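Novice:
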Amino acid sequence: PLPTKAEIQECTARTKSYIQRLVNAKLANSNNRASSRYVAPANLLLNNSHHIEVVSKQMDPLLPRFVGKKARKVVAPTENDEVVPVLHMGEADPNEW
Amino acid sequence: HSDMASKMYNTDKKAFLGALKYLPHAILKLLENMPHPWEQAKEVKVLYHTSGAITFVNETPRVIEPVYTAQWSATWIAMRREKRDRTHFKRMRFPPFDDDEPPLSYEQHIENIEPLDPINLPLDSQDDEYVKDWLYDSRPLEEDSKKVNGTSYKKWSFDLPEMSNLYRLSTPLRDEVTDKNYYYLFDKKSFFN
Amino acid sequence: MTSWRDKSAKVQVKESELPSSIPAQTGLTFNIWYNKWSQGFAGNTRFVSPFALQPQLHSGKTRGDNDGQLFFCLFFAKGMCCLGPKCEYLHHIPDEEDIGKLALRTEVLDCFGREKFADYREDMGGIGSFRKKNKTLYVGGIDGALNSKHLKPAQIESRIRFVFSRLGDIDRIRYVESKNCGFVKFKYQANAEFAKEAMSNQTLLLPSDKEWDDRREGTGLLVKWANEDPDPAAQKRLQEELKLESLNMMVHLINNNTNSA
Amino acid sequence: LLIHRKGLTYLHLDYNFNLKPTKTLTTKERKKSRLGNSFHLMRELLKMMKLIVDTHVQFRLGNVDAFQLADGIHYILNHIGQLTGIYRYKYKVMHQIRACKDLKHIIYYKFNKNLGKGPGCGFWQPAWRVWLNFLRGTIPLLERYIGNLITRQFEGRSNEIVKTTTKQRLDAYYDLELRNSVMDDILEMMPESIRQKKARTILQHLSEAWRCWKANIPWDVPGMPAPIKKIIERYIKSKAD
Amino acid sequence: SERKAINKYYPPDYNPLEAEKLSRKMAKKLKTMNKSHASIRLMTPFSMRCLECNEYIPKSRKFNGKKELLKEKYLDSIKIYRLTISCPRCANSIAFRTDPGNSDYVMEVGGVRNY
Amino acid sequence: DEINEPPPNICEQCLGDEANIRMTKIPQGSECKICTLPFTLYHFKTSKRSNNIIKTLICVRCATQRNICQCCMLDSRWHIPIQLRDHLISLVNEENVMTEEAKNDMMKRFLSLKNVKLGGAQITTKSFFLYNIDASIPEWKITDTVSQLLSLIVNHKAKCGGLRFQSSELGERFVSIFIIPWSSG
RNA sequence: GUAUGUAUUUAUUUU
RNA sequence: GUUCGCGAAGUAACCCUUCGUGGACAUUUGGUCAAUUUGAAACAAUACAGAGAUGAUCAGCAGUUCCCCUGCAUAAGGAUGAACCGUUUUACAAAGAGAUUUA
RNA sequence: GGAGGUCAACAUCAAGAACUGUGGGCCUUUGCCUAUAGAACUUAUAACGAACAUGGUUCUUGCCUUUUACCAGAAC
Ligand SMILES: [Mg+2]
Ligand SMILES: [Mg+2]
Ligand SMILES: [Mg+2]
Ligand SMILES: [Mg+2]
Ligand SMILES: [Zn+2]
Ligand SMILES: [Zn+2]
Ligand SMILES: [Zn+2]
Ligand SMILES: [Zn+2]
Numbered sequence: 056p057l058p059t060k061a062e063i064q065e066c067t068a069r070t071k072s073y074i075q076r077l078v079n080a081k082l083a084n085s086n087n088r089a090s091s092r093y094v100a101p102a103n104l105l106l107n108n109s110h111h112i113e114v115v116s117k118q119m120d121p122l123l124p125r126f127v128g129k130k131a132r133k134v135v136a137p138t139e140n141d142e143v144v145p146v147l148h149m156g157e158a159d160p161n162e163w
Numbered sequence: 146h147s148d149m150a151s152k153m154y155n156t157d158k159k160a161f162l163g164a165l166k167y168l169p170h171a172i173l174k175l176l177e178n179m180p181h182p183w184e185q186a187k188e189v190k191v192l193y194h195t196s197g198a199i200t201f202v203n204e205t206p207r208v209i210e211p212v213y214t215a216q217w218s219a220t221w222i223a224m225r226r227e228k229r230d231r232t233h234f235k236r237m238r239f240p241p242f243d244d245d246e247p248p249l250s251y252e253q254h255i256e257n258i259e260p261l262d263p264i265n266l267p268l269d270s271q272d273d274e275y276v277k278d279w280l281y282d283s284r285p286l287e288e289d290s291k292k293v294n295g296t297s298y299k300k301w302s303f304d305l306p307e308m309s310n311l312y313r314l315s316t317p318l319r320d321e322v323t324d325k326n327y328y329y330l331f332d333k334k335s336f337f338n
Numbered sequence: 001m002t003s004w005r006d007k008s009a010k011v012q013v014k015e016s017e018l019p020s021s022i023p024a025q026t027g028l029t030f031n032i033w034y035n036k037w038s039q040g041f042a043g044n045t046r047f048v049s050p051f052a053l054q055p056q057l058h059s060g061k062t063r064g065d066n067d068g069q070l071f072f073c074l075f076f077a078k079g080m081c082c083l084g085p086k087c088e089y090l091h092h093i094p095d096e097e098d099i100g101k102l103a104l105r106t107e108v109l110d111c112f113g114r115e116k117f118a119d120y121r122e123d124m125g126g127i128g129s130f131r132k133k134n135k136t137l138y139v140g141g142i143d144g145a146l147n148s149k150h151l152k153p154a155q156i157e158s159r160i161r162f163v164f165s166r167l168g169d170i171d172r173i174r175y176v177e178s179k180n181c182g183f184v185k186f187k188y189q190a191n192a193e194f195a196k197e198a199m200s201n202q203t204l205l206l207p208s209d210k211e212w213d214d215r216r217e218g219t220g221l222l223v224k225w226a227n228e229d230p231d232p233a234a235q236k237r238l239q240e241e242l243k244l245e246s247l248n249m250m251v252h253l254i255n256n257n258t259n260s261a
Numbered sequence: 581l582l583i584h585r586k587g588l589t590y591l592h593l594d595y596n597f598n599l600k601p602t603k604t605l606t607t608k609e610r611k612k613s614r615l616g617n618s619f620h621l622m623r624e625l626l627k628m629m630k631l632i633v634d635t636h637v638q639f640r641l642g643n644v645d646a647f648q649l650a651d652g653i654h655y656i657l658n659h660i661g662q663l664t665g666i667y668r669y670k671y672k673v674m675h676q677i678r679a680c681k682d683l684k685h686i687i688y689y690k691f692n693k694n695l696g697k698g699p700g701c702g703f704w705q706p707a708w709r710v711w712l713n714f715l716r717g718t719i720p721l722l723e724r725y726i727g728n729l730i731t732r733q734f735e736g737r738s739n740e741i742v743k744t745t746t747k748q749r750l751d752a753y754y755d756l757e758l759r760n761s762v763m764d765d766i767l768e769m770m771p772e773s774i775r776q777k778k779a780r781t782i783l784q785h786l787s788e789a790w791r792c793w794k795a796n797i798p799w800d801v802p803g804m805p806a807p808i809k810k811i812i813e814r815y816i817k818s819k820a821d
Numbered sequence: 002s003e004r005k006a007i008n009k010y011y012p013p014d015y016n017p018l019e020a021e022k023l024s025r026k027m028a029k030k031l032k033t034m035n036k037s038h039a040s041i042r043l044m045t046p047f048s049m050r051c052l053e054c055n056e057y058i059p060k061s062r063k064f065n066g067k068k069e070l071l072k073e074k075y076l077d078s079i080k081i082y083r084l085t086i087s088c089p090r091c092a093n094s095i096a097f098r099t100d101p102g103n104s105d106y107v108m109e110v111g112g113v114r115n116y
Numbered sequence: 003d004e005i006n007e008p009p010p011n012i013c014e015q016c017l018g019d020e021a022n023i024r025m026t027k028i029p030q031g032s033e034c035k036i037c038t039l040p041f042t043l044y045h046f047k048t049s050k051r052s053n054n055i056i057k058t059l060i061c062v063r064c065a066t067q068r069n070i071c072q073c074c075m076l077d078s079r080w081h082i083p084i085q086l087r088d089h090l091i092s093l094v095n096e097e098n099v100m101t102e103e104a105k106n107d108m109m110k111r112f113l114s115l116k117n118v119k120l121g122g123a124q125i126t202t203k204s205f206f207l208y209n210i211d212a213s214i215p216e217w218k219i220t221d222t223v224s225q226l227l239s240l241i242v243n244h245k246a247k248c249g250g251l252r253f254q255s256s257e258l259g260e261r262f263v264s288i289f290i291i292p293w294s295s296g
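Protein sequence lines, in the order shown, are assigned to chains A, B, C, D, E and F. Take the first sequence: its letters are residues 56 to 94, 100 to 149, 156 to 163, numbered as in UniProt numbering. Going by UniProt numbering, the second sequence opens with residue 146, and the numbers climb by one from there. Going by UniProt numbering, the third sequence opens with residue 1, and the numbers climb by one from there. Going by UniProt numbering, the fourth sequence opens with residue 581, and the numbers climb by one from there. Going by UniProt numbering, the fifth sequence opens with residue 2, and the numbers climb by one from there. Take the sixth sequence: its letters are residues 3 to 126, 202 to 227, 239 to 264, 288 to 296, numbered as in UniProt numbering.
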């Protein structure tokens, strides 16, 4: 069966929102006071006993924002959980080939 | 911050390089505020970084257009009168300072020494009697209820006699052409065409 | 108490007296961003501290005491602090109470309020590791005494004992005659850090003996972090201590675990 | 701070913002020490500012005069061509200078009329307007450059650095796509096993067949499976066309 | 820092002839300036044959090599130089002479010429 | 996204007795003291007025793998230094569970990115002359004991300790495992 | 378009 | 410290001053950071070396890398930027002939 | 409560010669037709600015060893 209709109006919705989150996440990153025009306590820690409140700090505009971002190279591991079986279905041939 | 060798400046040094991005802006805002000949010393509002990283001149110069033309043209006449007058006119040498002399601190040398009066003009007592008083003020009209908005200084309004005198003084800079028909093949559309 | 507790801390050095910055002519021209010198490399730059502390004489109450701050002034550990009673940090030798206060935060960071790094350092440099509690200071460059030859090693041993002995409770001391090094070991990590920062680049013998007034020309003695002890004896001794202490905290584990049920 | 931070202590700035070496430089110095148009451009620009602010200073000191001042900053704003050297690092500024000279001519012959050839002058409105607007131009431009210069100065240059095809490296890429495209086919015709030895070998046969096509030599191989010869004939026909 | 550089910043005092005197005194104490020797990159005009590994410097080969002002002076006054070149295969130094009277070179110590 | 979304890991201990706490969140902080990669940083103050400031050191990952506290760097449950808990665990079983860690750089910079966990984590002038001394006890113990009952040198190769009080009169006082005897000139 | 590269340990890690 | 007010005292004739007290106004800054040796700039100098394809002397483009540097740069340079130029054995069989041991 | 401020935030500023709300009818909300109320700022030799800069891509040129930097026109 082809995937109905009201099924795609879902995947399109959630995917669209997610991509917007990535894009807007990026446009606020880089160096342009220009590029920003195209754009909650939330923490129950442990048992929530002490709660939390999270608040951002405004950076001194001159000083570097993202004090820790520094270009460096990394080799990533490949964590192999499971094996994908590779399942397929000469003699005189070499004299040809 | 003139002398800093200390470790305590590890941030301020980082702070300097950052401001290096915003300097040419500060050069603009500084340079459009030049005091002009008839004024002695302009006084500006600077916005500085608390660590002394850089100093912005925060304003934009506003001048009444007819008044500004009057002022500048008055200076024009004074220029001509003075070029005709004195025999030896001496153009100052460039650059003003030699490379080894550090820039002299304003809080010592300059602030004590008095302005040494500017251009202005003799004007006239009788003819200009309306406009002789405030013509050369830094901001020409600040306190008036009728003549100007207020200290925010936008939306000038005048009377007839004043505009008569301003119209009189600005003759050397005035457009002088009284009719449209004078421009025949010189308007824009003849240039585009 | 009668000594330190009552009598307020006194200014070690007048602010105008503090040494200048800009270390001298290690190179050709001075450099503004880094504070170093520019081209070439002069003979390696090290010098004895003009300064030293006097534990009962200088140390006294300060503002951190009333403010209840945890961490100690290192410019006091260097005896160089110019803020006197106005100082933000405590002036006195670490005791067992105060380490009692620090005990929760002594794991990540030293007693002076600086984060520890992981790897120690190539040469066993300034600050240690947060992986391994290291209570043993390597004392080296005993030529901080300059060239005076001494009747026996009891001169070196005795003198050092009377030096670090002030700075905190010493678990053991071994000077080595063959290769010039002391190995000094304290009850507490805190006293080890404080002593390290305190006695680095220092001189020796009496307030006046012999060449004393020339002392400032000396090199000064390295105080660095010490490796383990290779001999089997102390290695047994460590293994045992770790054993019994692990045993001791298993008591806590079963007390709060028993409370867990 | 930006000069020393880079590690160059032998380039001295004077107080007129001239940047001069204090030594004769070994080659690796000249390589480390090449400063771009960001720095140098901004250097020239400040040099202009310092220059004007100085003229007004010497007015304030009483050392000059009233009128000599106005003539002074007129002389600056016209002669920035000669007094600065900004025209080196962006040659576009040559428009303004042309403009700033033309106004000069205009202003004089409506001014010196009836009196004098001498230096007396000092109507500086128009030139001021021109240099000012030019400075409006490069605010975002220098923010972009110096933005990269400094963020690169703290954070290091990007590690990826992919590089596009242009006029110089084109042919190399064309070669590369070709040899790849033949690798695929002649790997997919063969029945199973052999790869790397026959890889290198077959691609060599490619190169040889091309050279022999330049030389008009027919390039018969004493033996070789015919379908491979079909393929190589195909691709070398392509490259030929 | 341009390769073609018109000016060089000098200290604000710098009596130049005084620096010529003090630097003239300084010139004796240094190791490099006084080496009596020299280093030059050059070619071999006449080719070569090595006398150690019998390696052949085939015709004209770049070398980093060493020029020396010879105590001889051709005729009454002409300069004459002696160059040395290390062999690629073995560590061996071969020398030249430049005859101003007979334009071609003549060589010694560690190499022979092909005919 | 990836760096923010995992929430921090903090002990209840060092986080203080305050009911509601305000903490700062910086999207790029210093690197770990361990992995040497950027992360998101959190200030806070235990007390409202407390002078001291708490700064999470390590990552969320570099923590989770080791199952410790980002401010303390103590085990998440037992409040134990890492090099200990794996020793207790290693006492059970026989020889295992030591955490082998990451020398160089991209050894560690690599290692922090795998999800494997780590072994501890996986489960969760009067001279008295002194003799007869065990090599083991520290000088600190001795003098403390004397003080409790009512200045010192030891040699540990020797097993011999000398003691000078500030007055023989103390000598009489204390005279109110050892070989004592009282002699000096 | 005036290469480039290697080495430059002084201050002594417990048997 | 201001203001509203109450009470007491004093001047006073409900006002002026002092005293005591009630109420309102005003309400928690700052730190990722402590001031030279021991938590990390980089060149230079000295010694040795001495240049890609080749018999040789040069133009160069690329390609791979957990090397990067100058550059605003997705341009272009940095010796064609550098490193590369070396170490190298098992999906292993089939047939035949000779020597030794064994139901 | 009035006057202001070289104070801030949030709206709006290039289009069917063009805005918004509301009443009524038809289709079945949209949309069409009809009725009514209010429309600040900017526009006809067309535009917020009675002024006037720079950058990117793509083409055409101009210098002309090559790249930045450029020469002068166009479109986006
Ligand atoms: Mg290249
Ligand atoms: Mg070459
Ligand atoms: Mg290459
Ligand atoms: Mg090229
Ligand atoms: Zn202090
Ligand atoms: Zn040879
Ligand atoms: Zn981490
Ligand atoms: Zn904690």
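Note that the Cβ used here is the ideal one computed from N, Cα and C, for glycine as well.
Should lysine 690/D be labelled buried (16 or more other beta-carbon atoms within 10 Å of its own) or exposed?
Specialist: Counting Cβ neighbours within 10 Å, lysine 690/D comes out exposed, since fewer than 16 surround it.
Novice: Any beta carbon from chain A within less than 9 Å of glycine 616/D's own beta carbon?
Specialist: no
Novice: Go ahead and pull the three-state DSSP assignment for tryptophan 225/C.
Specialist: In this structure, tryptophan 225/C counts as strand in the three-state DSSP scheme.
Novice: Answer yes or no: does any C-beta atom of chain C fall closer than 9 Å to that of residue 342/B?
Specialist: In the structure displayed, chain B extends from 146 to 338; residue 342/B sits before or after that span and is not available.
Novice: Going by DSSP, which residues form a beta bridge with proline 101/A?
Specialist: According to DSSP, which records beta bridges pairwise, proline 101/A is partnered with nothing at all.
Novice: In chain A, what lies closer than 8 Å to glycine 295/B by C-beta?
Specialist: By Cβ distance, chain A contributes nothing, its closest Cβ being about 32 Å from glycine 295/B, past 8 Å.
Novice: Taking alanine 219/B as part of the alpha helix (DSSP H), name the residues at either end of that continuous run.
Specialist: 210 to 230
Novice: Taking 8 Å as the cut-off, is the beta-carbon of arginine 90/E closer than that to any non-hydrogen atom of ligand 6?
Specialist: Answer for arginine 90/E: yes, Cβ within range of ligand 6.
Novice: Which chain D residues sit within Cβ distance under 7 Å of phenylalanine 234/B?
Specialist: Residues of chain D passing the Cβ test: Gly698, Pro699 and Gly700.
Novice: In three-state DSSP terms, what is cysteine 71/F?
Specialist: coil
Novice: Closest to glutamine 54/C by C-alpha separation, out of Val13/C, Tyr34/C and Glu245/C, would be which residue?
Specialist: It is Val13/C.
Novice: When you compare only the Cα positions, how much space is there between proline 317/B and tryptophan 217/B?
Specialist: 10 Å
Novice: Considering just the uninterrupted stretch of the alpha helix (DSSP H) at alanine 171/B, what are its terminal residues?
Specialist: Element bounds for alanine 171/B: 168 to 176.
Novice: By the 10 Å Cβ neighbour count, where 16 or more other Cβ atoms means buried, how is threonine 106/C classified, buried or exposed?
Specialist: buried
Novice: In whole angstroms, what is the alpha-carbon distance linking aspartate 634/D and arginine 640/D?
Specialist: 10 Å
Novice: Within 10 angstroms of its Cβ, does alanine 158/A collect 16 or more other Cβ (buried), or is it exposed?
Specialist: exposed
Novice: Going by Cα to Cα distance, which pick from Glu177/C, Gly27/C, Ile160/C and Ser178/C is closest to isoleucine 170/C?
Specialist: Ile160/C
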